[PDB]
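# Structural features, examined
The residues making up each chain are set out below.
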Amino acid sequence: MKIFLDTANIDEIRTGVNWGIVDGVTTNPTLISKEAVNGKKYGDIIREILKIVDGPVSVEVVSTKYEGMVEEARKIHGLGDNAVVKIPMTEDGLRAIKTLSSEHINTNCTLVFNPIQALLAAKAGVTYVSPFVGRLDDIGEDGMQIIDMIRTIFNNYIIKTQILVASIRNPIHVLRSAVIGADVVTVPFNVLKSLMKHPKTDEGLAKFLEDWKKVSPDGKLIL
Amino acid sequence: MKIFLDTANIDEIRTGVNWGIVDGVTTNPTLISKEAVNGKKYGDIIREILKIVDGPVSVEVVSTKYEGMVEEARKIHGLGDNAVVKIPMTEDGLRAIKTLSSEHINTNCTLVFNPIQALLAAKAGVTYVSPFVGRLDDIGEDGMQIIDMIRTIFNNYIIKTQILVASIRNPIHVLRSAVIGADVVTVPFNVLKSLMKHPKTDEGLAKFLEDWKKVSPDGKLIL
Amino acid sequence: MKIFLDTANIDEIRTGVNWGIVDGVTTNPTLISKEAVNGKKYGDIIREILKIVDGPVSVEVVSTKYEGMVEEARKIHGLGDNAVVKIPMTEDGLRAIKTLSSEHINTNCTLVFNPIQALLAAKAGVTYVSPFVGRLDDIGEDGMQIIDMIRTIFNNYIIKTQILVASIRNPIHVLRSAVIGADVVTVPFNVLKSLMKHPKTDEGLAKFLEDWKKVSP
Amino acid sequence: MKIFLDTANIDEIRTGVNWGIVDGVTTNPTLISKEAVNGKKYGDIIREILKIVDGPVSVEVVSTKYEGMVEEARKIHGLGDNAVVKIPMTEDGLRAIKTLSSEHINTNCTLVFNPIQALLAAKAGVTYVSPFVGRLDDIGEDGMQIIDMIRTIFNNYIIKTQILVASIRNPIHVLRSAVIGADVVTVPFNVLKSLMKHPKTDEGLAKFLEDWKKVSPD
Amino acid sequence: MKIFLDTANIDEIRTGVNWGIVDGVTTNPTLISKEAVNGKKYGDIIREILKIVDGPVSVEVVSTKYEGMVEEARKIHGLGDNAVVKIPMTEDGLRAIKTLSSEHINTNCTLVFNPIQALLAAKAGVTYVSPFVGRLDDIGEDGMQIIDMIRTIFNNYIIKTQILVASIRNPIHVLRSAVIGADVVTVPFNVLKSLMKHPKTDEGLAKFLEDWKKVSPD
Amino acid sequence: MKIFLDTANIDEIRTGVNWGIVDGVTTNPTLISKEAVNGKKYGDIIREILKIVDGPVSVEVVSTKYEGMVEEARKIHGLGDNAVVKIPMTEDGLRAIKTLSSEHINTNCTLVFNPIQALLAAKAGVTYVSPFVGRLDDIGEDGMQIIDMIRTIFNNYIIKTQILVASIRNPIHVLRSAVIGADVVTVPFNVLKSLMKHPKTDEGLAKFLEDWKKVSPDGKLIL
Amino acid sequence: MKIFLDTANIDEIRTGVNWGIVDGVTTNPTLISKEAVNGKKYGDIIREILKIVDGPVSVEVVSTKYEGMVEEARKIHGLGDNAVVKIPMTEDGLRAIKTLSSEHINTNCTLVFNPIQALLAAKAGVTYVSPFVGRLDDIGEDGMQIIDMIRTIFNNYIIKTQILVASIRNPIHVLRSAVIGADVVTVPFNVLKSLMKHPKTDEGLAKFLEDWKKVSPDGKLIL
Amino acid sequence: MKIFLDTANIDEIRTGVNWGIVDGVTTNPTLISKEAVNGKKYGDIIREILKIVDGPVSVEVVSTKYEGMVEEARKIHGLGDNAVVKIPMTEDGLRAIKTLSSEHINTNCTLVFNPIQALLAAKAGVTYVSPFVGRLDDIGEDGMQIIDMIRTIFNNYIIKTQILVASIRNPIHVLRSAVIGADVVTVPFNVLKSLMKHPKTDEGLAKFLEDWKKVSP
Ligand SMILES: O=C[C@H](O)[C@H](O)COP(=O)(O)O
Ligand SMILES: O=C[C@H](O)[C@H](O)COP(=O)(O)O
Ligand SMILES: O=C[C@H](O)[C@H](O)COP(=O)(O)O
Ligand SMILES: O=C[C@H](O)[C@H](O)COP(=O)(O)O
Ligand SMILES: O=C[C@H](O)[C@H](O)COP(=O)(O)O
Ligand SMILES: O=C[C@H](O)[C@H](O)COP(=O)(O)O
Ligand SMILES: O=C[C@H](O)[C@H](O)COP(=O)(O)O
Ligand SMILES: O=C[C@H](O)[C@H](O)COP(=O)(O)O
Ligand SMILES: [Cl-]
């Protein structure tokens, strides 16, 4: 399962990549604008992210109409081969995904809330579908069930579109995504960091290191 | 399923190895502290185990910082081809695993208590991941359920990291691990011994021998 | 299933109670300390909640010793008939619960993280037990499974202790609690606010008023 | 399982009750106005349905404010004891339901789309909750799953609120409602009529008529 | 589980009752007309069956129209209190069932092929519903699944209508009906007879006899 | 679950009753004739069994025709109120069971090999049905599945006829009968005796008694 | 579910009893042998436990013969109303249980390793049956499955004998027992202690106290 | 699924082999001692079976020590290419199996009562492992469940050791073994004899010959 960092913060990105557990990045104008402070320019942020990240970097199109979407998507693509254009599940979005797929521009269909929407995006040629699980949870539907059904559908037809679990709110979204077999999850840095933690890890390490001092007062390992 | 012996006790290790049922050994700083008493030095213990044992021998770094982990890992690796460097599930540990994996040094990520920690370790490139089933049992959670989930997750993504079930307390941990399909179990010597035994084995062998005496008073099979 | 509000924020409590969907309130030392700032005293905050809220209000002791817990519990109890004394799941806590129960003082055992802790609390005679689902989720364990097991265990032994699902983070904790059959959920204000809402209700409402304008301008 | 007819057509209603499979009626302004043709007073329609039906007749309030809802509800109640006041799942709706409940006026909470909304209505004391399964189907979610969850939840808490499956589109919504154990379904007349039919029933009827005219040509 | 004989042959009925495994009888025009020979008239056969059988005897109407159905039904009832009137699942049928049950006349709704039809008949007050499982098998639908669903639905609502599995073709329809918990099966005499048989029973009898001859050659 | 002893041996019966786990007896002419040795008369055997056994005692009718069955059954009944007349699943048997049930003579329908046969016997008023599980096993059908289905059928209709599992061959027939909820099993004395045995019981008792000698050399318990 | 303490250690018993979480005590000859050393007499130990403990206290006979079991059972019973006589699953043990049950002496049948042994003990009239889950685990069989079957069997027949899960080794035996619905578990002191504990309990309480200090430097709650 | 005959009775073996449904034979010290009576020597019985039976024939060592087992195994092996050396599941047995395996001598690990013992035998390189289902049944445990778990474990690790179900008591052990997918069953003669039979086959045969007599006297 790939993990994308949902942020535009370059320090967070570098740190996560160094942990060896970050495979790409998902952005939006809000996340980018957040970093555009103290001299940093909006466009400079996205360009640096595209440069330093080996993997996929998702960038949203703001145009809501077909022509604007494709023209914008082409400009985004021009910024880096690893750019992935984020396009909403709408009639014009599907048309744009079909057109962009033909041009070999990678795409990410967002605002997916049921499995058939996900399937339609895959049929139009989309690279990723991003169902928003936390937003389904918000309205009293278990959002992970939609991920499970999409996984089954995609498996049934050997669909190559990747499931990108989005609107992630907690570590159990991540656990269930992994057990289901979702291709990717995107998570904020704080969620990412929480994924490696457990109180028995902390307690266990403290005990090991206490015991080691019995055999090595300086706490060293000399070999 | 491989069976490793979870101990730093040399006598236990030579004995198990001779039964031909031991495929490797796992140590940790606590186990080594039990052994390095009354003049015995930890460095001598580690070298001796690497010597006696043909299979993988896990030895845990003690530094909690990236650079110290890597440095100690390289020294451990240098002691013999069968050495496997054990690294805790921490931020620095993941960094170390990524680096050491790129250097083709075999690694074992320890103090794992949930399936997502296991997945992160695998993503960082770890050779083995060691979830602690008995310590989960200790806190009122069925530890084997975590092994089942890790197996499912690893299968989903064709992950090559080996699942090494640790903190094993009884033969049912071993049985359930085998039925789940974990790659390795590491067991304490008392548990290892018990695996070979069953009262009906004892009783059946006694009866065979009693019946054989009717036909051969000396108890020999002369062909 | 009762629904309690998990906060010491008086504004939130007034708002939720005015909506008519709050059956009680839970507080803890963190929540209260959060509100007791810039001149506001924890004692006034506690008294205010007890008066505002008709239903059960849980207030947690801070002593870690048996004697201190029972002493504090009696003071909490004396603040009003709706006060429920929250007691942590510790050895001294179980002792305090047993004593408080025999004195007919309502209790709520908190910081419960597995079903056997919950059972121990019930055996001590606790009125409510509050397992923390969100904190289990935080450490990579599906917290709701613990609620499911506690419900089964309590059903097996006809245990009268109410299961009070706490550390709730989202409306699916709530949905799953109701499907399991937990007695009570306690929810943060942001969660409470969402429970009545659905986008199809909104859409349906809009459509209704439009249909009606046809029938009758 | 009770079956309500979701319309204001009096002929449809008589017909269904005569079949002995109609226990009540659910209306709304749209449905009532439909019958308000050729000299028929809108209010007359509602009043006649109320008179003829020996069971619950649901009539919706149009006010969105608590105070308008309860005044409107009391007036609706005054039209017949079998009147049930339909009120939407909103903050003011729940408040109104709680008030009307205490006044012993029967209520029906509508526009419910998940089980927790249904539980909130139950907790307000509502007589019926009406989840809209067809509208859930419309948006790619199997609406009957919500009914199944509400049935379990109501069972858990011995809730006396009746589950009234609404927005029904086909006979399988009905079959699944019955297998789940929902208390009530409300269906359009065309759905109602289709419920009694099966091609093997038609074939069997023709076969029995033919078999019979061997036994007796006359 | 009650067992009714699907016949109008008195000798078959008497023998079945003597085995203690027959609780009633189901007829139709064809079955009665088969026995209506050699002086015996249609009406006498039905009267003789009604008298001898200490249980329900189902007799079918031939009218397809409401009024005719009820007229017939009242005549059939007059023949004896144990008489049960078969009525098809149709609009007029439901109407007749509602009317007859209100008059405390027992009814059996036939030509039921799905669970909702069964529910409708129950709602109209029918005493028995008779889904035809063999005819469902005939068209590539596992008939017993329908009995299963009807059992679940009837259980959900504590429905007192009895499920009477009809169109039985083999002993597995019977086994499955009993495992499901259907109230009644009706079977021809030949199926009834087959129900008692098993080759290990026959083998065991022969062994008992041989074992006994050793113990007591006499 | 009641346990009947399938024997005519009076010593076995007394012994099993003393264990508190025998509730009645099932016989047949073969089992009775076996005991009719060294002066003991066939009829004396059955009469003594009827006298000493509090619970039910099953006795087979040998007549295959209705009139012979009922006349024989009445004579058996005349021997003791606890006599239960064993009658095969045949057309004449069903007629006899119906007649005998009316006379309040208890009956046991044997040679039952499917669930519907069992149901027919119950409808005729039979006290027990005896399906022969071992004989189904003999022909490659799992005989316990028939018991399970009969249990479900009987439960469905609150049938008061007792399921008497017969042709029992091993302790797992007994275990599965108990888990299913069969009313009764009938077993030979040797099977009965085997039911209380387990090697860990033997080993555990030996260990307890060895340890007790540490605190009580004479092995006594003086209180 | 009742919780008994499985020990003859007086200090452990007084401590557990004070936590108010202990509902009774189970002993056996081994446990008593651990305690009756250095001058301490077994008779004094038994009497002291019966004294300290308000709930049932099981004490095991040592004779292997019917008459000795009954005689010892009567002496045990005579020591106090809360005494429960423990009897092994043997031929003589079943005889003893039948007799003692008729005398209204509470009994506990021990060394049970399968569900049919448990059923036989219940049929003989035993008050409690004690299956040994850990010793089954020891021989490679999941001991809890036997508890599940006994629960099902006892439910089927409305058996009033209490299931007392014994040979408990860890908190998951306890958890599974509760979920199954066993009447009683008896646990070693170390296991008992662990049942109350969880790392998130410790961490949560520490944080509450830290946060409270912001509002009350003395850490008191003054109302 | 192969079917072996579990006996040292030469009459039974000849009879079963003549039926063409016996693929091999298993013996053990008890079975052999049963036949080696009244002048008949165990050595002659063993040699006779090896000659009569074309398929695998298992003969069990009697030494309990590693050296004695290997010595006896080599002698057994030298009696014929179809000989399989049966070795008990003990510490010395596992050592012997590992040595015998490296020497390309076929082995059969017996007295196995749980799936982990079976796994250990496989890890030592054993050709066949023989769990005893009937002896488990004897002690109140459904022996077939152990076969099901061993099949799962062996499937998980692509283990080539054949599962040889032993201590078989009835045809349902056999049916269940085949449905699970065990490689081999070994059955006593009384069981073997029953496997081809069914009362409906007999009846069907009788009916066929009667129908045929109509068609053609
Ligand atoms: O692509 C990223 C999405 O915008 C994000 O994951 C959704 O965030 P929210 O649903 O939590 O607002
Ligand atoms: O990898 C080995 C682990 O450190 C070890 O198995 C932990 O065992 P414990 O939980 O018994 O200390
Ligand atoms: O009883 C209430 C608990 O103290 C509270 O729900 C904990 O919530 P949190 O874990 O989300 O802070
Ligand atoms: O209460 C009845 C509802 O108004 C009706 O069933 C809605 O139907 P629709 O969702 O098909 O418009
Ligand atoms: O009531 C009896 C039914 O009419 C009968 O069983 C159905 O028979 P058929 O469907 O085979 O005609
Ligand atoms: O009533 C007893 C039966 O005859 C007996 O249990 C069956 O024995 P068998 O089937 O093993 O021959
Ligand atoms: O009843 C108590 C048992 O004798 C005890 O629990 C056995 O425990 P052990 O298996 O640890 O010896
Ligand atoms: O491999 C064969 C075993 O030794 C034999 O099958 C044991 O059979 P039994 O347990 O039925 O004697
Ligand atoms: Cl353990």
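Structure determination for this entry, per the PDB record, employed X-ray crystallography and reached 1.90 Å resolution.

The number of helices and strands found in chain D is 11 helices and eight strands. On the principal axes, the C-alpha backbone points of chain D span a range of 70 × 45 × 30 Å. A buried classification covers 62% of the 218 residues belonging to chain D. A sequence separation of at least 24 residues applies to 56% of the contacts in chain D between residues at least 6 apart. For chain D, the exposed area adds up to about 8,700 Å²; of that, 50% sits on carbon and sulfur atoms.

This brings us to the UniProt feature "active site" in chain D. Residues and elements named next belong to chain D. Per the UniProt record, the feature "active site" sits at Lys86. Structurally, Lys86 can be placed in strand β4 (residues 83-88). Setting aside anything within four residues of it in sequence, one finds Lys86 in contact with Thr26, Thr27, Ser58, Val59, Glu60, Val61, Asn108 and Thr110.

Taken residue by residue, the interface counts 14 residues in chain C and 14 residues in chain A. Here chain C and chain A share an interface that buries about 1,000 Å² over both sides, 63% of which is from carbon and sulfur atoms. A per-residue breakdown of the area chain C buries against chain A is headed by C:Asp137, C:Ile139 and C:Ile172, which together make up 40% of the total. Where chain C meets chain A, there are zero salt bridges. Looking at the side of chain C that touches chain A, the elements that each hand over two or more residues are α7 (133-138) and α9 (171-180) of chain C. Here the side of chain C that touches chain A takes four residues from α9(C), the largest share from any one element.

On to the packing of aromatic side chains. Following the criterion strictly, the structure yields 29 aromatic pairs over all chains and no others. Seen in terms of ring centroids, E:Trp19 and E:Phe189 are 5.7 Å apart; in terms of plane orientation they differ by 15°. Their pairing is stacked. Placement of the pair is E:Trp19 in the loop between α1 (10-18) and β2 (24-26) and E:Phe189 in helix α10 (residues 189-194), with a sequence separation of 170 residues. Each member of the pair E:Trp19 and E:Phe189 is classed as buried. A centroid spacing of 5.4 Å and a plane angle of 15° characterise the contact between F:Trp19 and F:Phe189, whose relative ring orientation is stacked.

The accessible area lost on association of the parts is a frequent measure of interface size. On the side of chain A, 38 residues touch chain B, which itself brings 43 residues to the contact. With both sides pooled, the region where chain B packs onto chain A buries about 3,700 Å², and carbon together with sulfur makes up 69% of that total. Where chain B touches chain A, the interface holds two salt bridges. The closest approach of N and O atoms between B:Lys123 and A:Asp23, which form a salt bridge, is 2.7 Å. For the interface between chain B and chain A, the tally reads 12 residue pairs in polar contact. When contributions to the side of chain B that touches chain A are tallied by element, the ones reaching two or more residues are α2 (29-35), α3 (42-52), α4 (66-78), α5 (91-102), α6 (115-124) and α8 (143-156) of chain B. The element that contributes the greatest number of residues to the side of chain B that touches chain A is α6(B), accounting for seven residues. Looking at side-chain class alone, the side of chain B that touches chain A contains 24 nonpolar, 10 polar and nine charged residues.

This part takes up the site of ligand 1. Residues and elements named next belong to chain A. For ligand 1, the full set of nearby residues is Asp6, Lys86, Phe132, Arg135, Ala166, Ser167 and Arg169. Note that an oxygen atom of ligand 1 is positioned 3.4 Å from one of the side-chain N or O atoms of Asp6. Contact between ligand 1 and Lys86: an oxygen atom at 2.7 Å from a side-chain N or O atom of the residue. In the complex, 74% of the free accessible area of ligand 1, which totals 350 Å², lies under the protein chains. Residues belonging to the shell around ligand 1 are distributed by class as follows: two nonpolar, one polar and four charged.

This next bit is on the UniProt feature "active site" in chain C. Residues and elements named next belong to chain C. Per the UniProt annotation, the sites labelled "active site" are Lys86. Positionally, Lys86 belongs in strand β4 (residues 83-88). With residues near it in sequence (within four places) discarded, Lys86 still touches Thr26, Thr27, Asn28, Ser58, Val59, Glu60, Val61, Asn108 and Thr110. For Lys86, the side chain forms a polar contact with the main-chain oxygen of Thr27, separated by 2.8 Å.

Let us now look at the sheet that holds β4(C). All names here are of chain C. The parallel closed barrel is built from eight strands, whose spatial order is β1-β2-β3-β4-β5-β6-β7-β8. On average, adjacent strands in this sheet sit at an angle of 30° to one another, irrespective of strand direction. The pairing of strand β1 (residues 2-6) with strand β8 (residues 184-187) spans four bridges and is classified as parallel. What sits directly across from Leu5, in β8, is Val187. The sheet contacts of helix α8 (residues 144-157) involve β6 (128-131) and β7 (162-165), and relative to β7 the element is tilted by about 175°.

On to unusual backbone geometry. Phi is positive for C:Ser167, which is not a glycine, with a value near 50°. Residue placement: C:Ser167 occurs in the loop between β7 and α9. Among the residues examined, C:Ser167 registers a relative accessible area of 11% and is labelled buried. Phi at E:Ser167 takes a positive value of approximately 55°, unusual for a residue other than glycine. Note on placement: E:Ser167 falls in the loop between β7 (162-165) and α9 (171-180).

Among the polar contacts listed, one links the side chain of C:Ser167 to the backbone nitrogen of C:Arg135, at a separation of 3.2 Å. Excluding residues that lie within four positions of it along the chain, C:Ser167 makes contacts with C:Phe132, C:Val133, C:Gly134, C:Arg135 and C:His173.

Residue and element names in this part refer to chain F. Burial of strand β3 (residues 57-60) is two-sided: the residues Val57 and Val59 facing one way and the residues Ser58 and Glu60 facing the other way are all buried. Across two bridges, strand β2 (residues 24-26) lies against β3 in parallel orientation. Bridging from a neighbouring strand, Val25 pairs with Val57 of β3. Alignment of β3 against strand β4 (residues 83-88), held across four bridges, turns out to be parallel. Bridging from a neighbouring strand, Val57 pairs with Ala83 of β4. Note on the crossover from β3 through helix α4 (residues 66-77) to β4: the handedness is right-handed.

Parameters and conventions
- The residue numbers you see begin from 1 on each chain and track the sequence as written, which may not match the entry, and residues missing coordinates are not shown.
- Chain labels run from A onward and ligand labels from 1 onward, assigned in the order the entries are written.
- The full assembly is larger than what is shown, and all values describe the shown chains rather than the whole.
- To obtain the side-chain values, all non-hydrogen atoms of the structure were used and water was disregarded.
- Elements are defined by DSSP. Helices are runs of H or I of four residues or more, strands are runs of E of two residues or more, and each kind is numbered from the N terminus.
- When a residue's accessible area, from a 1.4 Å probe over protein chains only, is under 20% of the maximum for its type it is buried; when over 50% it is exposed; and in between it is partly exposed.
- By the convention used here, residues are in contact when the closest approach between their heavy atoms is within 4.5 Å.
- Note on areas: Shrake-Rupley, 1.4 Å probe, and residue coverage restricted to the protein chains presented here.
- UniProt positions are given in the numbering used here, feature names are shortened, and annotations may be inferred rather than shown by experiment.
- In short, buried area is how much 1.4 Å probe accessible area vanishes from two parts on joining, totalled over both.
- Only one rule defines a salt bridge in this text: a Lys or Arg side-chain nitrogen within 4 Å of an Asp or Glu carboxyl oxygen.
- For this analysis, a ring pair means two rings from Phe, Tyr or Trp (six-membered ring only for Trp) whose centres lie within 6.5 Å, classed as stacked if their planes differ by under 30 degrees, edge-to-face if by over 60, and tilted for the remaining angles.
- Any pair of nitrogen or oxygen atoms within 3.5 Å is treated as a polar contact; in protein, a donor-acceptor pairing is required on top of that, and neighbouring residues in sequence qualify only through side-chain atoms on both sides.
- Following the grouping adopted for this structure description, the nonpolar residues are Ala, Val, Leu, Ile, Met, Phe, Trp, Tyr, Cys and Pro, the charged ones are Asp, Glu, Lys and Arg, and the polar ones are all others, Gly among them.
- In this text, near means that some heavy atom of the residue lies within 4 Å of the molecule or strand in question.
- One requirement defines pairing of two strands: DSSP has to find at least two bridges between them.
- To obtain an axis, a line is fitted to C-alpha atoms, over the contacting stretch when the element is a helix, and the angle between two such axes runs from 0 to 180 degrees between their N-to-C directions.
- A crossover counts as right-handed when, viewed with the strands pointing away from the observer, the path leading from the first strand over the helix to the second turns clockwise.

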